[PDB]
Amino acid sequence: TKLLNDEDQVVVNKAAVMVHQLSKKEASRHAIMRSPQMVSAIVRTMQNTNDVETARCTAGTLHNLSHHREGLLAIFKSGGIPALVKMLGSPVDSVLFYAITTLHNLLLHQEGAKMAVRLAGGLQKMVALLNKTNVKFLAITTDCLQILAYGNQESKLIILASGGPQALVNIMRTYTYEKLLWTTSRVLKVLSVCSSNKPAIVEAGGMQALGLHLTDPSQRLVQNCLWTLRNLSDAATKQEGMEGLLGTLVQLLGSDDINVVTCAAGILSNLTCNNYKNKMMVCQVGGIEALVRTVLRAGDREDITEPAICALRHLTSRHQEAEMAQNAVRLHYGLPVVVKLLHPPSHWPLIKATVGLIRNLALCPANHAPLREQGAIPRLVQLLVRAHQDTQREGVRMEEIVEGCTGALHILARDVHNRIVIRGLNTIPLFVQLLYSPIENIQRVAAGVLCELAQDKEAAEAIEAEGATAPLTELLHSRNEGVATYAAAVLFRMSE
């Protein structure tokens, strides 16, 4: 060794290519590993040289040392990790490749590495390199990152800072090389669990890109994509150009894999939230029928049934094709099972959702007869009363069930036939006393159904007998706009 090391002239660049090849021999590589100065000579050199054949080689050696435990440790303790990182700057693709593969080694096995990479800027650099074109290279890099980001939030915030979400989202959108799409999907998912990073990932096109890969053959990917999309699915109610994603999901509902059927269902429930296009997209690719079919095929499995009903709940209201969707549910035999889900062993969350869906289906007049003829009413009341005591005297506040069941009855009360049942289960004395409730949301619905019930003379009498003019009128100046309006309508309807 001796001579080699020393030199500060045209002399040492010659010395350079000279050691890269002893690194190849086993007891030679092993040899230099047991030297303190042999390593720190490559290091100082590799960074402070400017001959593109001197670097390529010094880097090359380190890569060869990085396979063994005393190989790695000697590298690390030789302050090489600061160096290896500046080499991530080198234009020479032969060095980029030496460095990023090396570091990967370092992070995977060596102790105190992740810190050193971070502290030296590693992250902000590794994120800059995602514009490179070599897939074999990216997939390694997007791993180093996943390594540095796992269970470390400072790091995930710095990859947000750098424009990572864009970079990675571009990859998902450009390449098809699995090992890459995979390691890159893993990172996305890891950042998918951050307050901030979520919207970023979304706005960059995260949703639309992940879903090019749902019908992929590799399952170790379609997973990641599904899960990841599920996380983000609540940030993503704002986006456009989903036509693709929606239509795909609506087809994975057919998947004879329970754990993919739930994710398909979960994710839709969210992307159908509030966004009036997403609803229409979903309806036209036959989504109503797909959901119903999925609900029947799921039975007592409430991880599937809960989401799917929320989704049907969403699609049955507040968009141009909702009347379509309310009929669709009737025509594809959804009514009988929707109702049967108000029965045990359904749990309240699910029962909460299902009443909401029934509230909506009831707006469609065709669904008045059909819903009546499945005893949706007698059952809604059952729950209403059970619930209106669990309060007077969880998993969900019973107030929500009381409001839910009276709203649903409100809507159903529109049909004169229904109106007759409703009254004849001795409900009226119970509607009137809901007025006196601390919750306005409850007073609003209560007064609503009364208003409808009270379009019949004999009922207006019945409703007046309960002394309903006492609190309708003290609500007549209620803080709540909806509360106060209905009060007028019932009072107006008993005087005619």
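Residue indices: 1-based, along the sequence shown.
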- Message: Quick check on the record: how many residues from the deposited sequence are absent from the model between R393 and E394 (none, 1 to 3, 4 to 9, 10 or more)?
- Response: 10 or more
- Query: Got a sec? Mean C-alpha B-factor, which is higher, 259 to 267 or 67 to 75?
  - Reply: 67 to 75
- Query: Between 100 to 108 and 187 to 195, which has the higher average C-alpha B-factor in the PDB entry?
  - Reply: 100 to 108
- Query: Which one of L430, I442, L450, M33 shows the top CA temperature factor in the record?
  - Reply: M33
- Which is it among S90, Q239, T141, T174: the one with the largest CA B-factor in the entry? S90
- Looking at the entry's B-factor column for C-alpha atoms only, identify whether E178 ranks in the lowest, middle or highest third of its chain. lowest
- Task: Could you tell me which third, lowest, middle or highest, the C-alpha B-factor of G206 occupies within its chain?
- Result: middle
- Would you mind checking where the Cα B-factor of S233 ranks among the modelled residues of its chain, as the lowest, middle or highest third? lowest
- Tertile call for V416 (CA temperature factor, within chain, third-based) is the highest
- Task: Would you check the entry's CA temperature factor for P82 and let me know if it's in the chain's lowest, middle or highest third?
- Result: highest
